[PDB]
Every structure is written in C-alpha cells, then in structure tokens.
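K.L.:
Pasting query20.pdb below, which is PDB, C-alpha atoms.
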ATOM      1  CA  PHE A  52      -3.719  63.785   1.460  1.00  0.00           C
ATOM      2  CA  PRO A  53      -0.975  66.302   2.330  1.00  0.00           C
ATOM      3  CA  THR A  54      -0.276  66.923   6.002  1.00  0.00           C
ATOM      4  CA  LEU A  55      -1.895  69.918   7.663  1.00  0.00           C
ATOM      5  CA  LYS A  56       0.492  72.807   8.308  1.00  0.00           C
ATOM      6  CA  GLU A  57       0.358  76.145  10.101  1.00  0.00           C
ATOM      7  CA  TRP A  58      -1.807  78.751   8.364  1.00  0.00           C
ATOM      8  CA  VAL A  59      -0.166  82.165   7.894  1.00  0.00           C
ATOM      9  CA  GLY A  60      -1.377  83.978   4.779  1.00  0.00           C
ATOM     10  CA  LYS A  61      -3.646  82.316   2.228  1.00  0.00           C
ATOM     11  CA  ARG A  62      -3.986  78.634   1.395  1.00  0.00           C
ATOM     12  CA  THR A  63      -1.301  77.094  -0.811  1.00  0.00           C
ATOM     13  CA  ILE A  64      -2.894  74.696  -3.284  1.00  0.00           C
ATOM     14  CA  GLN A  65      -1.047  71.379  -3.435  1.00  0.00           C
ATOM     15  CA  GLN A  66      -1.084  68.214  -5.531  1.00  0.00           C
ATOM     16  CA  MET A  67      -1.621  64.477  -5.198  1.00  0.00           C
ATOM     17  CA  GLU A  68      -0.596  61.551  -7.404  1.00  0.00           C
ATOM     18  CA  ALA A  69      -1.886  58.242  -8.715  1.00  0.00           C
ATOM     19  CA  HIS A  70      -0.286  54.958  -9.716  1.00  0.00           C
ATOM     20  CA  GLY A  71      -0.987  52.075 -12.057  1.00  0.00           C
ATOM     21  CA  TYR A  72       0.168  48.528 -12.672  1.00  0.00           C
ATOM     22  CA  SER A  73      -0.930  45.844 -15.139  1.00  0.00           C
ATOM     23  CA  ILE A  74      -0.444  42.063 -15.242  1.00  0.00           C
ATOM     24  CA  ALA A  75      -0.785  40.278 -18.581  1.00  0.00           C
ATOM     25  CA  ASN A  76      -1.786  36.612 -18.645  1.00  0.00           C
ATOM     26  CA  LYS A  77      -0.157  33.848 -20.676  1.00  0.00           C
ATOM     27  CA  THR A  78      -1.100  30.530 -22.276  1.00  0.00           C
ATOM     28  CA  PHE A  79       0.419  27.196 -21.227  1.00  0.00           C
ATOM     29  CA  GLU A  80       0.315  23.802 -22.923  1.00  0.00           C
ATOM     30  CA  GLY A  81       1.307  20.166 -22.457  1.00  0.00           C
ATOM     31  CA  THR A  82       0.753  17.217 -24.814  1.00  0.00           C
ATOM     32  CA  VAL A  83       1.728  13.534 -24.984  1.00  0.00           C
ATOM     33  CA  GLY A  84       0.954  10.967 -27.656  1.00  0.00           C
ATOM     34  CA  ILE A  85       0.745   7.167 -27.681  1.00  0.00           C
ATOM     35  CA  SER A  86      -0.055   4.682 -30.432  1.00  0.00           C
ATOM     36  CA  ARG A  87      -3.534   3.183 -30.577  1.00  0.00           C
ATOM     37  CA  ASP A  88      -2.275  -0.409 -30.743  1.00  0.00           C
ATOM     38  CA  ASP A  89      -0.021   0.070 -27.720  1.00  0.00           C
ATOM     39  CA  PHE A  90      -2.896   1.502 -25.695  1.00  0.00           C
ATOM     40  CA  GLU A  91      -5.408  -1.194 -26.632  1.00  0.00           C
ATOM     41  CA  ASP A  92      -3.321  -4.340 -26.045  1.00  0.00           C
ATOM     42  CA  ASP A  93      -2.258  -3.327 -22.532  1.00  0.00           C
ATOM     43  CA  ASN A  94      -3.263  -6.136 -20.188  1.00  0.00           C
ATOM     44  CA  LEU A  95      -0.887  -5.012 -17.431  1.00  0.00           C
ATOM     45  CA  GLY A  96      -2.437  -1.588 -16.908  1.00  0.00           C
ATOM     46  CA  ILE A  97       0.640   0.622 -16.967  1.00  0.00           C
ATOM     47  CA  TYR A  98      -0.706   3.225 -19.424  1.00  0.00           C
ATOM     48  CA  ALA A  99      -3.978   3.746 -17.530  1.00  0.00           C
ATOM     49  CA  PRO A 100      -2.911   6.645 -15.247  1.00  0.00           C
ATOM     50  CA  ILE A 101      -1.927   9.058 -18.057  1.00  0.00           C
ATOM     51  CA  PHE A 102      -5.047  11.177 -17.530  1.00  0.00           C
TER      52      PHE A 102
ATOM     53  CA  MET B   1      30.487 -43.440  57.592  1.00  0.00           C
ATOM     54  CA  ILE B   2      30.101 -45.342  54.317  1.00  0.00           C
ATOM     55  CA  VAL B   3      33.028 -44.631  51.984  1.00  0.00           C
ATOM     56  CA  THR B   4      31.301 -44.559  48.607  1.00  0.00           C
ATOM     57  CA  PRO B   5      33.345 -44.184  45.397  1.00  0.00           C
ATOM     58  CA  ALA B   6      33.495 -40.972  43.402  1.00  0.00           C
ATOM     59  CA  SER B   7      31.176 -42.061  40.577  1.00  0.00           C
ATOM     60  CA  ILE B   8      28.403 -43.069  42.982  1.00  0.00           C
ATOM     61  CA  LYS B   9      28.677 -39.705  44.739  1.00  0.00           C
ATOM     62  CA  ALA B  10      28.588 -37.959  41.347  1.00  0.00           C
ATOM     63  CA  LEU B  11      25.383 -39.777  40.366  1.00  0.00           C
ATOM     64  CA  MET B  12      23.625 -38.383  43.475  1.00  0.00           C
ATOM     65  CA  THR B  13      22.286 -35.235  41.818  1.00  0.00           C
ATOM     66  CA  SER B  14      18.829 -34.000  40.848  1.00  0.00           C
ATOM     67  CA  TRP B  15      18.018 -32.802  37.339  1.00  0.00           C
ATOM     68  CA  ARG B  16      16.456 -29.346  37.017  1.00  0.00           C
ATOM     69  CA  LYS B  17      15.053 -27.844  33.811  1.00  0.00           C
ATOM     70  CA  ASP B  18      15.093 -24.160  34.789  1.00  0.00           C
ATOM     71  CA  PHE B  19      17.698 -23.544  32.061  1.00  0.00           C
ATOM     72  CA  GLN B  20      15.687 -24.698  29.058  1.00  0.00           C
ATOM     73  CA  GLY B  21      15.179 -21.848  26.598  1.00  0.00           C
ATOM     74  CA  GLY B  22      18.743 -20.594  26.909  1.00  0.00           C
ATOM     75  CA  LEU B  23      19.032 -16.914  26.017  1.00  0.00           C
ATOM     76  CA  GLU B  24      16.072 -15.487  24.126  1.00  0.00           C
ATOM     77  CA  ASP B  25      16.608 -13.801  20.770  1.00  0.00           C
ATOM     78  CA  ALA B  26      16.441 -10.072  20.129  1.00  0.00           C
ATOM     79  CA  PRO B  27      13.078  -8.375  19.526  1.00  0.00           C
ATOM     80  CA  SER B  28      11.787  -8.390  15.962  1.00  0.00           C
ATOM     81  CA  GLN B  29      11.363  -4.917  14.498  1.00  0.00           C
ATOM     82  CA  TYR B  30      11.508  -5.197  10.701  1.00  0.00           C
ATOM     83  CA  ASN B  31       7.850  -4.326  10.075  1.00  0.00           C
ATOM     84  CA  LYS B  32       8.613  -0.691  10.910  1.00  0.00           C
ATOM     85  CA  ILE B  33      10.849  -0.216   7.845  1.00  0.00           C
ATOM     86  CA  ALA B  34       9.749  -2.899   5.351  1.00  0.00           C
ATOM     87  CA  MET B  35       6.642  -3.563   3.264  1.00  0.00           C
ATOM     88  CA  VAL B  36       5.521  -7.190   3.086  1.00  0.00           C
ATOM     89  CA  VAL B  37       4.340  -8.554  -0.271  1.00  0.00           C
ATOM     90  CA  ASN B  38       3.373 -12.154  -1.042  1.00  0.00           C
ATOM     91  CA  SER B  39       4.727 -13.843  -4.157  1.00  0.00           C
ATOM     92  CA  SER B  40       3.018 -16.742  -5.908  1.00  0.00           C
ATOM     93  CA  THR B  41       5.491 -17.739  -8.646  1.00  0.00           C
ATOM     94  CA  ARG B  42       9.164 -17.759  -9.675  1.00  0.00           C
ATOM     95  CA  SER B  43       9.520 -13.984  -9.198  1.00  0.00           C
ATOM     96  CA  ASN B  44       7.664 -10.688  -8.862  1.00  0.00           C
ATOM     97  CA  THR B  45       7.741  -7.782 -11.314  1.00  0.00           C
ATOM     98  CA  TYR B  46       6.846  -4.225 -10.303  1.00  0.00           C
ATOM     99  CA  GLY B  47       6.096  -1.424 -12.734  1.00  0.00           C
ATOM    100  CA  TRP B  48       5.067   2.221 -12.421  1.00  0.00           C
ATOM    101  CA  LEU B  49       4.514   5.127 -14.806  1.00  0.00           C
ATOM    102  CA  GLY B  50       6.489   8.351 -14.946  1.00  0.00           C
ATOM    103  CA  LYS B  51       4.950  11.758 -14.424  1.00  0.00           C
TER     104      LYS B  51
END
Show this structure as structure tokens.
P.N.:
Amino acid sequence: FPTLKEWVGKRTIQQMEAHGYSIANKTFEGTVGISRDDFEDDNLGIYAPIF
Amino acid sequence: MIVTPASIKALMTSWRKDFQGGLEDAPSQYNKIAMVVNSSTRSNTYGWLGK
C-alpha cells in the first residue's frame, strides 16, 4: 500500500501493481543396454549393481 | 698378596643378562592406513563397476 501523507485538499487516488513468474518443467532420460547372453553367464557378479 | 696372571683376573667376572632384548623396534602403525585382505591362491583380482 502507498505510504500515508499529509492531507490538504481532497484525496488523491493512487495505484498499486502486481507481478508474475512462471517455471516450466522438463523431461530427463537415461538408458543403458547390455546383451542377454552377457548378463546371464555372469558368475563373477560384476553386472549386478546396474539397477 | 697373591700375584695372579692377567687371564685369571679377567675370568673373575659375573655374567648378567640385563641387556638381552637389545633395542626394541618401532611401534607398528600400518593398520591405520591399510586394508588387510587374505589371499588363498596365486593372486587376487579385484573388479568394480562404473557409475
């Protein structure tokens, strides 16, 4: 609101404002692929932690 | 006074074992910076997976 000021004649009508701001969201992706044979015959256990 | 030879006078000593361990070795402090792993065969192989 505008600051109060000394009153002399008649009231002077004043104005305010308003603001706006928008954020648009985005899509993100990551993909890896491994052969089925290589995954299945994995006795060591090195490809387990991919998930 | 009996004038004994030098070798006889040199044999008149007592053996003391207060000096037995010599000078002790430095403290062992390698566990603070090293990880101990036991091997069972010709060599060890380590493997990890990237991110």
K.L.:
Could you list the residues in chain A lying within 9 Å of chain B, using all atoms listed in the file, and format the result as a ChimeraX atom specification?
P.N.:
/A:97-98,100-101
K.L.:
Taking C-alpha atoms for each residue, export the selection above as a tab-separated table (two decimals), in the coordinates of the input.
P.N.:
chain	number	residue	atom	x	y	z
A	97	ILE	CA	0.64	0.62	-16.97
A	98	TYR	CA	-0.71	3.22	-19.42
A	100	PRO	CA	-2.91	6.64	-15.25
A	101	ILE	CA	-1.93	9.06	-18.06
K.L.:
Which distance in Å separates CA of residue 65 in chain A and CA of residue 53 in chain A, to one decimal?
P.N.:
7.7 Å
K.L.:
Rounded to one decimal, what separation in Å do you get between CA of residue 38 in chain B and CA of residue 24 in chain B?
P.N.:
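Computing it gives 28.4 Å between the two atoms.
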K.L.:
CA of residue 46 in chain B and CA of residue 86 in chain A, how far apart in Å?
P.N.:
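Atom-to-atom, CA of residue 86 in chain A and CA of residue 46 in chain B are spaced 23.1 Å apart.
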K.L.:
Out of B:16, B:45, B:40, B:21, which residue has the shortest atom-to-atom distance to residue 95 in chain A when counting only C-alpha atoms?
P.N.:
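Closest candidate: B:45.
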